[PDB]
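In the authors' numbering, the protein residues as written are 28 to 258, 262 to 265, 269 to 279, 287 to 496.
Where a beta carbon is used, it is the ideal one built from N, C-alpha and C, also for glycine.
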Amino acid sequence: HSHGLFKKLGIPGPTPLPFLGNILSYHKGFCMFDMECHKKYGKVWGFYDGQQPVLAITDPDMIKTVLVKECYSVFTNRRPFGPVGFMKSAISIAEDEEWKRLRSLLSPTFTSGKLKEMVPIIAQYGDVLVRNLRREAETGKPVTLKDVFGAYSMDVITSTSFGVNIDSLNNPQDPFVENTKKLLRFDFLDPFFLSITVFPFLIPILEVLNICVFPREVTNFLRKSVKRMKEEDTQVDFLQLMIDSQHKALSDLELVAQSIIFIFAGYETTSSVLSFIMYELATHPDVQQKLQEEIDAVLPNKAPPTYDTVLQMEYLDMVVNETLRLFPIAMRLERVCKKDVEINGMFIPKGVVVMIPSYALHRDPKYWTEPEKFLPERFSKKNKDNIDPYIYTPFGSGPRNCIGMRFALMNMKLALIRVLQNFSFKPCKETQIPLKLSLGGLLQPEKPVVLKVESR
Ligand code: HEM
Ligand SMILES: CC(C)C[C@H]1C(=O)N2CCC[C@H]2[C@]2(O)O[C@](NC(=O)[C@@H]3C=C4c5cccc6[nH]c(Br)c(c56)C[C@H]4N(C)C3)(C(C)C)C(=O)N12
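Below you can see the structure in the form of structure tokens.
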């Protein structure tokens with residue numbers, strides 16, 4: 028859509044350039060762009076990703092209408108996305124009735140009931156993380172978190188996806204490990220994705236040549252793996274649960297598409313959040329101590345964490361939430377406007393991408409006292425009442441929110457519990473303070489986080 032849409036509707040925004048739109052304003056990443064646009068333009072603004080119009084919204088009533096009230100009718104889909112091949116069937120990429128059907132099929136799979144049955148499996152790799160952690164501390168030397176937390180994230184991934192039990196950090200040559208590893212989140216400011224934003228007319232050329240953004244080698248490998256783990263003796270993983278739910289039914293290709301997208305959805309995200317959490321805990325030693333005291337109180341002398349004990353830990357839950365306030369690694373939620381609507385007094389035309397800038401709202405002075413400050417007390421039970429759930433959106437909201445939210449929390453918390461029970465984390469002189477964010481399209485630190493690990 029032409030660069031004249033937002034002026035035509037009287038909506039403010041950075042003036043776009045011919046062809047590029049506003050992409051040159053991303054030279055400091057999505058988060059800084061979004062903060063700046065918010066401070067200079069107000070409650071609503073418009074900008075262009077190449078030819079594509081994007082309208083940013085910040086009013087919580089309007090946000091609710093997009094994410095919740097008009098999800099099925101008008102705002103069903105994420106922005107159209109590069110060449111995807113058979114991954115068009117992955118729930119996160121799927122559209123309209125195909126989406127509604129896969130969400131309906133995959134919902135039972137993410138119950139709390141199922142998640143409880145998955146707990147022992149997840150906990151088991153907590154112990155593997157601890158054992159590993161022990162050694163790279165007993166050594167001495169600063170620890171790289173993305174590495175220790177990367178391996179942990181994959182270990183839970185493999186075993187919870189289909190019972191491939193592997194010590195990922197001490198088997199960095201296992202082909203299953205070295206293939207899954209390649210399912211990292213897309214940096215949409217990298218040269219390929221920039222090019223595709225400015226030349227989106229080239230995507231169908233890429234689809235016909237089978238050039239896919241999920242590398243062919245990796246998805247080939249997994250499709251082949253899943254087929255063979257499927258075919262027999264029968265004596269609790271995502272595959273099994275999907276196998277069983279096979287308009288309804290779940291077809292074969294669709295099944296593998298989900299198995300891949302759970303990896304990609306879960307892998308770099310969990311690991312990234314875990315590293316942020318540790319960063320904050322190390323730079324706030326009092327918060328770290330307080331967390332360890334709550335853990336020792338609930339699980340006396342290092343008792344194994346359980347579904348129920350995890351859920352009782354209030355301060356743990358507060359620490360996790362406040363980290364996700366500061367580092368909401370999705371950055372933004374988006375929905376395509378399927379048809380002209382008028383929402384809370386404002387006309388949004390067909391085809392616009394409506395964007396909710398979580399990162400900016402999470403640090404908004406209007407909603408948050410000293411926004412740049414890590415303060416878990418924000419979430420204390422008698423203080424969290426004034427947290428608006430359309431301003432704080434780390435897992436998004438509505439029918440299309442994170443389907444893996446309770447799983448991701450449970451996973452992250454089971455890790456933190458086992459780590460904190462055994463260790464304390466302290467900054468090195470090599471630790472970057474204060475933390476600086478990457479200028480690329482992912483929310484992550486500029487340099488990796490390294491910290492000293494010490495047995496308690
Ligand atoms: C680790 C921390 C995680 C965070 C912060 C996170 C955040 C998000 C966000 C912001 C969305 C977009 C929702 C929206 O548009 O409103 C999303 C969607 C999604 N998440 Fe997560 N996520 C995490 C982990 C996971 C995990 C472990 C899984 C494993 C299955 C997962 C599966 C998905 C899927 C499939 C979607 C798309 C759902 C749909 O389109 O219907 N996520 N997540
Ligand atoms: C790409 C899909 C398949 C992954 C899906 C998902 O499964 N997720 C799991 C956890 C996080 C979430 C996801 O990566 O995070 C999501 N974010 C995105 O993928 C957003 C989509 C973008 C995009 C797609 C296509 C062309 C583009 N040009 C430009 Br400029 C951008 C862009 C910005 C980019 N933003 C900032 C992120 C949601 C928070 C909206 C998302 O859609 N994800």
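Task: Integer-rounded CB distance, given that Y307 should sit under 8 Å from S186 - done: Position 159 of the sequence shown, counted from the start, is the residue given in the question as residue 186. Position 267 of the sequence shown, counted from the start, is the residue given in the question as residue 307. In fact, because the Cβ distance is near 13 Å, the residues do not count as touching under 8 Å.
Task: Three-way DSSP call (helix, strand, coil) for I193 in this model - done: Stepping through the sequence shown from its first residue, residue 193 is reached at position 166. Here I193 sits in coil by DSSP.
TODO: Taking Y152 as the reference, give the member of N206, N197, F271 with the closest Cα.
DONE: Translated into positions along the sequence shown, residue 152 becomes position 125. Closest option to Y152, Cα to Cα, is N197.
Open item on the list: What residue range does the beta strand (DSSP E) around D404 cover?
Closed with: Locating residue 404 in the sequence shown gives position 364, counting from the first residue. Unbroken run through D404: none, as it is neither H nor E.
Task: Three-way DSSP call (helix, strand, coil) for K466 in this model - done: Taking the sequence shown and counting its residues from 1, one reaches residue 466 at position 426. Strand at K466.
Open item on the list: Please report the straight-line C-alpha distance between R458 and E362, rounded to a whole angstrom.
Closed with: Position 418 of the sequence shown, counted from the start, is the residue given in the question as residue 458. Position 322 of the sequence shown, counted from the start, is the residue given in the question as residue 362. One C-alpha to the other measures close to 20 Å.
Task: Within the segment 351–390, ranges of the alpha helix (DSSP H) (whole runs, at least 4 residues) - done: 354–366
Open item on the list: Using C-beta distances below 7 Å, list every residue in its chain close to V155, excluding the 5 sequence neighbours before and after it, in chain order.
Closed with: On the sequence shown, residue 155 is found 128 positions in, with the first residue counted as 1. Around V155: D182, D194.
- [ ] Flag this pair as yes or no: are the beta carbons of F102 and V376 separated by less than 9 Å?
- [x] Looking up residue 102 in the sequence shown gives position 75. Looking up residue 376 in the sequence shown gives position 336. Yes, they are a contact pair.
Task: beta-carbon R105 near ligand 1 non-hydrogen atom, thresh 8 Å - done: Residue numbering aside, residue 105 sits at position 78 when the sequence shown is read from its first letter. True, at least one ligand heavy atom lies under 8 Å from that Cβ.
- [ ] Can you tell me which of the three DSSP states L82 falls into?
- [x] One-based indexing of the sequence shown puts residue 82 at position 55. It is a strand residue.
- [ ] Could you work out which residue in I396, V225, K209 is closest to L216 when comparing CA atoms only?
- [x] Here residue 216 refers to the residue found at position 189 when the sequence shown is read from its first residue. Here the closest residue by C-alpha is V225.
Open item on the list: Just to confirm my understanding: we take residue 260, look at its own chain, exclude 5 residues before and 5 after, and list those with CB closer than 8 Å. What are they?
Closed with: Coordinates for residue 260 are simply not present: the residues of the chain run from 258 and resume at 262.
TODO: Whole angstroms is fine: what's the gap from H65's alpha carbon to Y75's?
DONE: Translated into positions along the sequence shown, residue 65 becomes position 38. Translated into positions along the sequence shown, residue 75 becomes position 48. One C-alpha to the other measures close to 15 Å.
Task: DSSP-derived helix/strand/coil call for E494 - done: By 1-based counting over the sequence shown, the position of residue 494 is 454. Strand, per DSSP.
Open item on the list: For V269, count the other beta carbons within 10 Å of its own beta carbon; 16 or more makes it buried, fewer makes it exposed. Which is it?
Closed with: Residue numbering aside, residue 269 sits at position 236 when the sequence shown is read from its first letter. By the neighbour-count rule (16 or more Cβ atoms within 10 Å), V269 is not buried but exposed.
Open item on the list: Once DSSP output is grouped into helix, strand and coil, what is the label at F304?
Closed with: The residue given as residue 304 occupies position 264 in the sequence shown. Helix at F304.
Open item on the list: Please report the straight-line C-alpha distance between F137 and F447, rounded to a whole angstrom.
Closed with: The residue given as residue 137 occupies position 110 in the sequence shown. The residue given as residue 447 occupies position 407 in the sequence shown. Roughly 7 Å separates the two Cα atoms.
- [ ] Let me know the secondary structure DSSP gives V392 once reduced to three states.
- [x] In the sequence shown, the residue the question calls residue 392 occupies position 352. It is coil, neither helix nor strand.
Task: N- and C-terminal bounds of the beta strand (DSSP E) containing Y75 - done: Taking the sequence shown and counting its residues from 1, one reaches residue 75 at position 48. Where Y75 is concerned, the enclosing beta strand (DSSP E) stretches over 71–76.
Task: Contacting residues, own chain, Cβ-Cβ under 7 Å from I238 (five flanking each side not counted) - done: Along the sequence shown, read from residue 1 onward, the residue named residue 238 stands at position 211. Once the five neighbours on either side are set aside, the close Cβ partners of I238 are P110.
Task: Supposed contact pair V253 and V296 - C-beta distance, whole angstroms, cut 8 Å - done: Against the sequence shown, residue 296 aligns to sequence position 256. Against the sequence shown, residue 253 aligns to sequence position 226. The Cβ separation is near 5 Å, so the contact holds.
Task: residue 267 - containing alpha helix (DSSP H), residue span - done: Since the chain is numbered 265 and then 269, with no step between, residue 267 has no place in the structure shown.
Open item on the list: Check this for me: beta carbons of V338 and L449, under 9 Å apart or not?
Closed with: As a position in the sequence shown, residue 338 is number 298, starting the count at 1. As a position in the sequence shown, residue 449 is number 409, starting the count at 1. No, these two residues do not count as a Cβ contact at 9 Å.
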